[PDB]
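Okay, structure first, notes after.
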Amino acid sequence: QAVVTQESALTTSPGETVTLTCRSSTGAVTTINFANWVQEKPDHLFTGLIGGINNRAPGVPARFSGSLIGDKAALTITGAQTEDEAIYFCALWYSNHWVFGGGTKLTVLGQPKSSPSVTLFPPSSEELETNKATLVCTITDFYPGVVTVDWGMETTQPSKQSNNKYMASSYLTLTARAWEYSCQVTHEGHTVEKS
Amino acid sequence: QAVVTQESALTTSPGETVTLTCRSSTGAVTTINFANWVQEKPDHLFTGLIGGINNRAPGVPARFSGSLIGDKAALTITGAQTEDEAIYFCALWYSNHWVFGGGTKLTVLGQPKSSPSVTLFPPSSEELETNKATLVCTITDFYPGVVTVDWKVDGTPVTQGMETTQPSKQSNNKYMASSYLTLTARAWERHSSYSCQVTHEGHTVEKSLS
Amino acid sequence: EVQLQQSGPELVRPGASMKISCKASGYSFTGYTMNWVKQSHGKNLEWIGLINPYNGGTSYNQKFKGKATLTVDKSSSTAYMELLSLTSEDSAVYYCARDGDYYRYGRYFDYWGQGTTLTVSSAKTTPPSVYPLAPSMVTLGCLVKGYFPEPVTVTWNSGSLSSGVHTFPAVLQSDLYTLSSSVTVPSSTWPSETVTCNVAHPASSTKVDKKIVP
Amino acid sequence: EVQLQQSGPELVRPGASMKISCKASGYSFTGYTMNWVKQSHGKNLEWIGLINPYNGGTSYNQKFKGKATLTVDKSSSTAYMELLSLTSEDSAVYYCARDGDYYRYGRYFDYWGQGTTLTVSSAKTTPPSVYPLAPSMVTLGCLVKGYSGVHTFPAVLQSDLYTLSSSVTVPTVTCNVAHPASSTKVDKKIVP
Amino acid sequence: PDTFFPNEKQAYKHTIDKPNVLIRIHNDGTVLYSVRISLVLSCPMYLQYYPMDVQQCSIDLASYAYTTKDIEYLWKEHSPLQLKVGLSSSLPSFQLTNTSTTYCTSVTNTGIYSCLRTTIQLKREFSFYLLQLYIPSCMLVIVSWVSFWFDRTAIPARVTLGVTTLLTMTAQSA
Amino acid sequence: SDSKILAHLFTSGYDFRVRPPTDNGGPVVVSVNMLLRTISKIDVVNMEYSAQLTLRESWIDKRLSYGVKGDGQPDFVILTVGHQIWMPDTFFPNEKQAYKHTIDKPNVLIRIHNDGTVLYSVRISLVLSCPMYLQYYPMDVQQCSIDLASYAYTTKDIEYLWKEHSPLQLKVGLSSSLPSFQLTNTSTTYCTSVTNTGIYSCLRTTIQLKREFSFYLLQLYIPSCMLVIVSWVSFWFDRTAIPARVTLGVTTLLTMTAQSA
Amino acid sequence: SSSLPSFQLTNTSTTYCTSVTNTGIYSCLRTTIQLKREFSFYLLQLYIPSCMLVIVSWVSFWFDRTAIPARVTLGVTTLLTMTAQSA
Amino acid sequence: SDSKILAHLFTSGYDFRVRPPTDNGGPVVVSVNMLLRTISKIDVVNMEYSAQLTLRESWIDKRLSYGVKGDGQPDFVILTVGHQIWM
Ligand SMILES: CC[C@H](C)[C@H]1O[C@]2(CC[C@@H]1C)C[C@@H]1C[C@@H](C/C=C(\C)[C@@H](O[C@H]3C[C@H](OC)[C@@H](O[C@H]4C[C@H](OC)[C@@H](O)[C@H](C)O4)[C@H](C)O3)[C@@H](C)/C=C/C=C3\CO[C@@H]4[C@H](O)C(C)=C[C@@H](C(=O)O1)[C@]34O)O2
Ligand SMILES: *[C@@H]1O[C@H](CO)[C@@H](O)[C@H](O)[C@H]1NC(C)=O
Ligand SMILES: *[C@@H]1O[C@H](CO)[C@@H](O)[C@H](O)[C@H]1NC(C)=O
Ligand SMILES: N[C@@H](CCC(=O)O)C(=O)O
Ligand SMILES: N[C@@H](CCC(=O)O)C(=O)O
């Protein structure tokens with residue numbers, strides 16, 4: 001039915017001004033959509049920012065502000081801070097219920113960027129024997145923690170390492186007969206591909 | 001659509017009684033037209049006189065008075081003064097908007113009538129090099145300051161390309177005006193005779209050239 | 001004493017849009033509704049619309065529905081007027097005229113403003129091209152043609168011959184202004200006595216002279 | 001300060017039904033209406049419904065009409081949520097988020113709970129099926152299935183079981206795969 | 088004409104036995120409409136001079152839906168406002184000194200609506216306040232003076248006078 | 001022309017009982033303007049006040065569009081009698097008494113714009129409940145409100161929004177018909193609530209009333225100081241003439257009681 | 175409760191009042207509210223001012239028995255006032 | 001949809017004057033909810049009080065069933081004007 005759309009992720013430095021957007025699939029985001037914005041810190045910490053008519057939650061910093069730029073809802077952080085780095089979900093009110101977006105992973109920079117080290121492993125002989133072949137495309141050492149795997162597939166969620174460069178793993182599942194290939198990772202620019 | 005009509009101009013001496021009229025094209029001027037009268041002194045000075053039902057602006061002299069003589073709105077100045085010499089616009093209210101008239105240039109005679117001094121200049125061969133022809137017609141030393149400028153090209157009267165300025169007070173309290181004619185370089189050579197005629201206070205002054 | 005002071009003159013290119021003001025003083029601003037009148041060189045006086053300061057309520061002439069937008073700022077006692085999609089036809093003098101009655105519509109005019117001259121031209125700064133105008144009494148003249156923007160200044164004999172000179176109003180003939188200026192002298196002083204006209208266009212620092220030969 | 005403490009994590013078999021709580025403190029409980037949000041690994045955030053403590057009144061998302069049942073216990077300042085006919089699809093984290101306005105619906109979110117993780121599963125313990133993987144510095148991999171440079175990645179859910187691999191960059202390489210709940214430790218030699 | 092009274096707070100048509108209306112259709116199409124109406128209108132009053140004040144109360148009359156392009160009100164040319172003979176005799180407390188007939192056309196957010204306004208001027212009758220306020224207060228103040236003629240030794244008499252008249256003065260004012 | 005345009009709209013299958021359709025199936029958005037005419041009878045005992053206002057509602061009903069772009073037809077058409085139109089069944093939640101003004105002719109105005117937009121205006125006199133707090137009585141300020149919501153239609157069908165520009169307006173002769181108070185501030189808010197029958201959209205206009213002090217200065221404070229001061233003039237009578245002192249102290253005391261009552 | 179300043183709605187009940195009449199037996203519901211009268215008003219407007227009035231009648235026990243006009247003025251005034259208050 | 005559902009209910013022979021039928025011929029059971037909004041003007045002299053409330057009544061009328069099990073149709077339909085129902 002109605003789908004809410006957000007930027008997969010965004011980047012910004014401490015002090016700058018970033019803007020997240022919330023798009024409605026049925027049309028323009030109007031005031032009767034009561035665009036809401038919710039923040040999710042690591043470890044499942046949710047809290048509201050904006051919403052309703054032009055109301056905001058208790059304690060929401062003055063830097064946060066809502067608007068209807070263009071024909072979608074906006075969430076503008078004027079003077080981003082280090083702690084502002086989180087996942088921002090926006091929700092639109094359609095008639096009698098809420099619909100959430102995919103969320104936007106806002107990153108407030110702290111470490112120099114890093115290209116993703118990709119390596120594509122083929123299915124071992126023990127799998128082809130079980131009649132089920134599995135491909136593993138391991139991604140190590142990258143920042144910020146936002147990659148997009150592109151080959161039945163199933164990629165894991167970005168997770169930091171010992172050196173603060175998020176990592177992840179991708180799994181393309183097949184059958185032994187199908188088996189009888195290439196993984197490309199697009200990371201904030203260039204695209205690392207291997208066959 | 002609806003058009004408001006006024007006398008082009010009127011004349012009167014200090015002390016006399018003059019009456020301006022405001023005509024409606026749709027019919028008689030009724031009370032729901034809320035006939036308004038506005039005065040324009042030189043240098044773009046506007047101020048209201050009468051209007052509404054029978055209301056008048058603050059300070060409007062008692063000599064000014066409004067009425068519905070006949071089937072049009074009237075503006076009667078009883079005991080005209082020197083300073084009363086200005087342009088008077090009347091506006092009628094049609095349903096939901098105002099419509100103004102052409103205005104009447106009331107002249108309070110403080111000077112003897114002076115016939116206009118018309119001169120018609122031939123388009124300098126200089127500007128003909130630009131393949132463009134311009135006939136200037138300077139009009140000076142006339143009073144009252146109201147003249148009608150009409151052009152003619154080989155008998156037939158000009159319908160297009162003419163522009164006449166509004167009369168302006170000069171040094172000696174008389175008025176002056178200028179009227180241009182726009183023609184291609186081709187037209188001057190093509191047409192041999194032109195004349196700019198000027199009507200003033202009745203009589204007409206013609207200056208032509210071949 | 002009441003006064004309605006409007007903004008200064010404005011020059012803007014076609015397609016653009018500007019807003020002229022009308023600051024009212026000397027009376028309870030929110031009591032009398034404001035009219036807006038347009039005086040153009042091409043036509044008569046036109047009534048654009050009106051607005052009630054106290055109310056915010058507006059009523060426009062069908063003709064200017066969309067062309068003008070009347071607003072009001074109670075705090076500063078100012079009445080504003082937006083003009084959109086400006087064109088050549090919008091080049092005029094815009095007056096603001098107060099209604100007569102106190103906290104009610106009386107349909108009669110009180111005080112006007114000095115007016116605001118709005119000039120809409122996509123013209124480029126252009127100097128004047130001067131052309132000589134030659135024919143008991145002799146009359147000689149100049150022709151300041153195709154110039155912009157105004158104004159211009161004209162003199163005769165570098166100022167010497169200052170008697171009987173007439174500098175006529177300018178006109179907009181081809182999107183560029185144009186005016187002329189005559190002079191009267193005894194014939195025994197022309198072509199006998201040498202003479203010329205001095206034009207001075209400050210907008211492009213153009214001071215051209217042109218002798219008046221037969 | 002206001003707080004919304006929800007019940008602990010729960011494990012239940014399909015077909016069954018359990019009820020998670022949300023004890024509110026630090027505010028007049030009966031003044032702000034409660035929302036219930038469902039965050040699943042498979043989809044986004046879903047809005048289940050809401051209830052007005054003072055009113056008992058409820059309004060559900062059509063999607064969860066019959067799946068969820070919102071109630072409220074004024075005395076204990078607790079909001080409850082029943083979940084019926086639990087299935088694999090109901091395995092998610094359920095948050096409770098308070099509405100913003102005082103004794104009226106404002107349609108904006110205040111405080112949430114820490115969340116309650118509900119796991120609905122019907123699979124018994126299973127030995128990890130270890131499958132070795134292989135292609143300066145060469146990187147080797149070790150795949151666990153259906154259960170310097172030491173990179174163990176997150177664990178997915180393939181066919182009602184888990185599955186993670188293990189990178190390891192180096193200039201006899203073997204990987205130890207143990208599983209306490211099954212008591213099985215297997216080694217897989219990485220050969221070229 | 089869907090006319091209403093802008094400053095009316097309460098209104099009643101009189102329909103006893105038969106509605107109190109009169110409609111005539113002249114041959115030329117002219118229509119006369121007459122109807123009895125009882126109103127309760129708001130009249131902001133200014134009591135700066137209270138006892139001897141004059142108030143001006145009005146009845147506004149305008150169309151509700153029809154704007155200036157559709158309907159325009161004008162007061163009858165001759166005697167627009169008339170008073171029944173037995174009006175001043177049913178108004179004992181005041182004296183209807185003056186009446187006026189004006190226009191109150193206003194520009195609103197929904198358009199410009201034509202409006203008439205009849206105004207009556209009410210002069211408050213003084214005889215009552217003379218007898219019930221001024222006279223009795225002078226009489227009260229004068230009594231406070233008769234204590235200036237009692238020997239300075241008999242102060243209980245003086246106090247009883249001054250205090251009583253003072254207290255009474257309060258009551259009267261209340 | 002106008003009567004013909006109205007004919008064309010109701011000649012088809014139009015049902016005034018059916019809620020106007022929507023592009024995305026959303027609710028009908030009803031923009032509300034409110035013009036306060038008079039605020040009177042501010043009863044402190046029964047904690048309520050009277051107020052007459054012009055309610056203005058505006059919603060879109062594509063079924064009533066006749067000119068669409070128009071530009072050849074009249075911008076809007078005044079809805080004459082005998083033509084039924086779906087209207088928001090709005091009511092005033094805190095109204096205790098209400099009257100429409102229908103003298104000679106009902107005091108309503110309905111317009112049907114070419115694009116289907118409907119304007120609805122009506123005069124209403126209300127008697128609303130306004131809980132008052134007299135902690136500072138003599139020098140207090142009260143906040144009274146007018147609530148406005150749909151009765152039958154829930155949040156999926158009808159949604160109220162305050163007009164974007166000047167939602168609340170006051171007639172010029174309002175403060176002059178309100179002698180006892182001073183209308184210092186006004187606000188325009190929402191009061192949408194979740195009930196047992198569903199979630200209903202709701203608007204709330206609020207006026208702030210400041211009690212005039214001049215009266216209480218002259219009728220309470222002044223006369224009490226004057227009364228207390230009189231009790232002092234007995235400190236200057238010889239201690240032997242106590243009848244005079246008692247008469248003063250007792251009288252002023254008794255009077256003080258009466259004034260308070 | 176905020177629109178009910180003079181009382182306090184302490185308790186409510188929901189009952190039946192079905193009755194047998196001459197035209198038949200009619201089903202009937204009865205909701206009941208219990209109103210507790212606020213005391214602050216009567217404390218300040220009745221009890222306090224009456225004690226204050228009775229206490230004043232006592233201050234005449236401290237005037238010399240010779241100055242009886244003072245005593246009577248007190249006792250009589252407070253008594254009269256007491257009447258008014260009751261009315 | 002909704003207007004059609006209402007049409008189907010009153011297109012048949014429905015009489016709003018007839019009491020709704022019952023399975024065992026029993027009476028119509030009317031469940032009552034009551035929402036007190038304001039309780040004011042508690043007159044002690046005339047021994048009465050004013051109160052504004054929202055009355056809520058609910059009964060079954062099998063004649064008005066349109067969806068029965070539904071699960072394909074709207075749960076309920078708001079009764080528009082011009083349709084008579086026994087109350
Ligand atoms: C004190 C009584 C004796 C008789 C004295 O009376 C006089 C003088 C002579 C005696 C010594 C006169 C009397 C006032 C008192 C002085 C009282 C105050 C200055 C204030 O009150 C005090 C006491 C009061 O607690 C009794 C206390 O509130 C507490 C306790 C209460 O619970 C026990 C609880 O409810 C409350 C919430 O918190 C308060 C904070 O502070 C002041 C509030 C009193 C005003 C009194 C009056 C105002 O208008 C009333 C009436 O219109 C009238 C004609 C007579 C007045 C009066 O009766 O005047 C009156 O009733 O002294
Ligand atoms: C009545 O008469 C006097 C004098 O004409 C005038 O000043 C006053 O305004 C009039 N009052 C009314 C209400 O017409
Ligand atoms: C209300 O509460 C009191 C508590 O004692 C009880 O006696 C009474 O029966 C209750 N019911 C009513 C009538 O409100
Ligand atoms: N003449 C009415 C029209 C109603 C309205 O403007 O909404 C008025 O007093 O404004
Ligand atoms: N808007 C009404 C709906 C009727 C009802 O809820 O019973 C209310 O909330 O009171």
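Protein chains in written order, with PDB author numbering: chain Z, 1 to 151, 161 to 189, 194 to 208; chain U, 1 to 210; chain H, 1 to 135, 143 to 221; chain G, 1 to 135, 143 to 154, 170 to 193, 201 to 221; chain E, 88 to 261; chain L, 1 to 261; chain X, 175 to 261; chain W, 1 to 87.
A virtual CB, placed ideally from N, CA and C, is assigned to each residue, including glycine.
Look at the segment 50-102 of chain G and you find these whole runs of beta strand (DSSP E), each 3 residues long or longer: 58-60, 68-73, 78-83, 92-99. Put simply, the residues with a CB less than 5 Å from any heavy atom of ligand 1 are L:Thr257, L:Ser260, X:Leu218, X:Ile222, X:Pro223, X:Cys225, X:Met226, in chain order. Just measuring C-alpha positions, the residue of U:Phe89, U:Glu83, U:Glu126 sitting nearest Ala74 (chain U) is U:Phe89. By the C-beta criterion, the segment 110-128 of chain Z is judged not to be in contact with the segment 110-123 of chain G, since fewer than 3 inter-stretch pairs fall below 8 Å. Here DSSP, grouped into helix, strand and coil, assigns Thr130 (chain Z) to helix. For the set H:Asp182, H:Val190, H:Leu186, the Cα lying nearest the Cα of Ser167 (chain H) is the one of H:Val190.
Here the segment 158-178 of chain L does not lie against the segment 25-39 of chain G, with fewer than 3 beta-carbon pairs under 8 Å apart. Non-local C-beta neighbours of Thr107 (chain Z) in its own chain, meaning closer than 8 Å and more than five positions away in sequence, comprise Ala9, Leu10, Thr11, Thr12, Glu85, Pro144, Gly145, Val146, ordered along the chain.
Residue side-chain check: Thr54 (chain W) places its Cβ nearer than 7 Å to a non-hydrogen atom of ligand 5.
The CB of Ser166 (chain L) comes closer than 8 Å to the CB of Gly56 in chain H, given here in chain order. DSSP, reduced to helix, strand and coil, places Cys202 (chain X) outside both helices and strands of the structure shown, so it counts as coil. With contacts defined as CB atoms closer than 8 Å, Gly48 (chain U) and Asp90 (chain H) fail to qualify as a contacting pair. In the structure shown, the three-state DSSP call for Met34 (chain W) is strand. Bounds of the beta strand (DSSP E) holding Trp36 (chain G) are 34-39. Cβ-Cβ distances below 6 Å link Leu11 (chain H) to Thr119 in the same chain, with the five nearest sequence neighbours on each side left out; the list follows chain order.
Between the segment 99-116 of chain Z and the segment 132-143 of chain Z there are three or more C-beta pairs closer than 8 Å, enough to call the two in contact. It is roughly 14 Å from the alpha-carbon of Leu20 (chain Z) to the alpha-carbon of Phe100 (chain Z). Listed by position along chain X, the residues whose Cβ is nearer than 7 Å to that of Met256 (chain L) form an empty set, because the closest Cβ is around 10 Å away. In the three-state reduction of the DSSP assignment, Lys41 (chain U) falls in the strand class.
Residues of chain H whose Cβ lies closer than 8 Å to the Cβ of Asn185 (chain E) do not exist; the shortest such Cβ separation is about 19 Å.
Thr186 (chain E) sits close to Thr206 (chain E), with the two beta carbons spaced by under 8 Å. Using a CB distance cut-off of 8 Å, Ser59 (chain H) counts as an interface residue toward chain E.
Taking the CA atoms as reference points, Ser150 (chain L) sits about 10 Å from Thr192 (chain L). Residues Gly145, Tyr175, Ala177 of the same chain have their beta carbon placed closer than 6 Å to that of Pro167 (chain Z), with the five preceding and five following residues left out of the count.
Within the segment 182-193 of chain H, contact with chain U at the beta-carbon level (separation under 9 Å) is assigned to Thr185, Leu186, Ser187, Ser188, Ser189, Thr191. When only Cα atoms are considered, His101 (chain L) and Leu79 (chain L) end up about 18 Å apart. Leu119 (chain L) sits away from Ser180 (chain L), with the two beta carbons spaced by 8 Å or more. Taking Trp86 (chain W) as reference, the option from W:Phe10, W:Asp75, W:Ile5, W:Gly25 with the minimal CA-CA separation is W:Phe10.
Burial of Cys22 (chain U) is indicated by the presence of at least 16 other C-beta atoms within 10 angstroms of its C-beta.
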